[PDB]
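Given next are the chains, with one letter for each unit.
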Amino acid sequence: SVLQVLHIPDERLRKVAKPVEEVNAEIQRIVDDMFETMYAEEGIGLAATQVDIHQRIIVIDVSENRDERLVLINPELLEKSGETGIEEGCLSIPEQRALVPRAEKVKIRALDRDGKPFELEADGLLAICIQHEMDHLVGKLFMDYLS
Ligand SMILES: [Zn+2]
């Protein structure tokens with residue numbers, strides 16, 4: 001399915017991520033669909049959030065530990081190791097290029113898509129790629145980040 005957030009005929013009108021405290025309905029698709037993406041993407045670059053107001057449950061499936069198709073967040077964070085940026089130039093008109101993001105490994109004090117607060121580290125090319133997504137937007141280095 002992939003997370004089909006919208007832009008330009010949308011209302012983002014410059015969207016950032018609006019941290020994770022609670023859950024709604026769409027949230028499932030952020031997890032469930034970031035699985036469909038985090039796994040079927042790692043190529044073009046989406047921008048993890050942007051239709052109207054936001055939240056951010058991230059994902060992982062048997063990725064760091066001997067877990068299941070679990071989740072990671074962008075929450076109320078605790079640790080933030082290294083920085084990198086991806087060579088994209090994404091969202092709200094994904095033209096131009098840049099390395100907006102700046103993350104390597106990042107640990108959270110978050111919440112999943114149940115409404116249950118979870119503290120975990122998010123690592124790997126995807127943690128950096130889905131945050132990429134929203135590090136294109138909330139990690140903002142770029143310029144206009146074509147928003
Ligand atoms: Zn990108």
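As annotated in the PDB entry, the chain carries the name PEPTIDE DEFORMYLASE and is attributed to Escherichia coli. Here the entry title, as the record gives it, is "PEPTIDE DEFORMYLASE CATALYTIC CORE (RESIDUES 1-147), NMR, 9 STRUCTURES". The chain has a UniProt comment under Function (literature references left out) that states "Removes the formyl group from the N-terminal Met of newly synthesized proteins. Requires at least a dipeptide for an efficient rate of reaction. N-terminal L-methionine is a prerequisite for activity but the enzyme has broad specificity at other positions." Turning to the chain, the UniProt annotation filed under Sequence similarities states: "Belongs to the polypeptide deformylase family."

A. Spotlight on the UniProt feature "active site" in the chain. Under the feature "active site", the UniProt entry names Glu133. With respect to the secondary-structure elements, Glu133 resides in helix α2 (residues 124-137). On the basis of relative accessible area, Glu133 is assigned to the buried category, the value being 1%.

B. Expanded view of the nonpolar core. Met34, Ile57, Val59, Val71 and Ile73 are the most contacted members of the largest nonpolar core, which totals 32 residues. Where this core is concerned, the elements lending two or more residues are α1 (26-38), β1 (57-61), β2 (69-73), β4 (105-109) and α2. Here this core takes six residues from α1, the largest share from any one element. If sequence neighbours within four positions are ignored, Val71 has contacts with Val31, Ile57, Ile58, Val59, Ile60, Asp112 and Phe118.

C. Quick peek at the pattern of salt bridges. The tally for this structure, following the rule as stated, stands at four salt bridges. The salt bridge involving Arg29 is made with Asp33; its shortest N-O contact spans 2.9 Å. Of this pair, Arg29 and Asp33 both sit in helix α1, four residues apart, which is roughly one turn of that helix. Residue classification places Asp33 among the buried positions, given a relative accessible area of 5%. The partner of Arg113 in a salt bridge is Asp32, with the nearest N and O atoms 2.9 Å apart. Here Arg113, found in the loop between β4 and β5 (121-122), pairs with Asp32, found in helix α1; they are 81 residues apart in sequence, far enough to count as distant.

D. Spotlight on the coordination of the zinc ion. Of the protein atoms, only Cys90 (SG), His132 (NE2) and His136 (NE2) coordinate the zinc ion, at distances of 2.0 to 2.3 Å. In primary sequence terms, the donor set of the zinc ion follows C-x41-H-x3-H. Taken together, the positions of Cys90 in the loop between β3 (76-81) and β4 and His132 in helix α2 put the pair 42 residues apart, joining distant regions of the chain. Its relative accessible area of 4% is what places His132 among the buried residues.

E. Representation of the sheet that holds β4 in the model. Taken in spatial order, the three strands line up as β3-β4-β5 in an open sheet, and their pairing is antiparallel. If you trace the sheet from one side to the other, it starts and ends with β3 and β5, each paired once.

F. Local environment of the side chain of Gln55. Inspection of the secondary structure puts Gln55 in the loop between α1 and β1. A distance of 2.8 Å separates a polar side-chain atom of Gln55 from the backbone oxygen of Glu22. In this structure the side chain of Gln55 is engaged in a polar contact, spanning 3.0 Å, whose partner is the side chain of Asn24. Those residues within four positions of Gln55 in sequence are excluded, and the remaining contacts are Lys18, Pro19, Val20, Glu22, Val23, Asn24, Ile27, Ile30 and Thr49.

G. Looking closely at the UniProt feature "binding site: Fe cation" in the chain. With numbering aligned to this structure, UniProt lists the feature "binding site: Fe cation" at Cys90, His132 and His136. The named residues occupy 47 residues along the chain; their greatest pairwise C-alpha distance, 9.3 Å, places them in one compact cluster. Here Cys90 is in contact with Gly45, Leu46, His132, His136, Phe142, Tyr145 and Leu146, once residues within four sequence places are set aside. Along the chain, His136 turns up in helix α2. According to the relative accessible area criterion, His136 is buried, its value standing at 0%. Not counting chain neighbours up to four residues away, the residues in contact with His136 comprise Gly45, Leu46, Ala47, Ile86, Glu88, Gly89, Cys90, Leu91, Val100, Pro101, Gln131 and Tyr145.

How each quantity is defined
Residues numbered from 1 in each chain as written, not as in the entry; some residues may be left out. Heavy atoms only, no water. UniProt positions renumbered as here; feature names shortened; annotations may be inferred. Helix = DSSP H or I, 4+ residues; strand = E, 2+ residues; numbered from the N terminus. Buried < 20%, exposed > 50% of the residue type's maximum accessible area, 1.4 Å probe, protein only. Core = buried A, V, L, I, M, F, W, Y, C linked by side-chain atoms within 4.5 Å. Contact = heavy atoms within 4.5 Å. Salt bridge = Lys/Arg side-chain N within 4 Å of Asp/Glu carboxyl O. Donors = N, O, S within 2.8 Å, 3.2 Å for Na, K, Ca; no water. Pairing = 2+ DSSP bridges. Polar contact = N/O pair within 3.5 Å; in protein donor to acceptor, adjacent residues only side chain to side chain.

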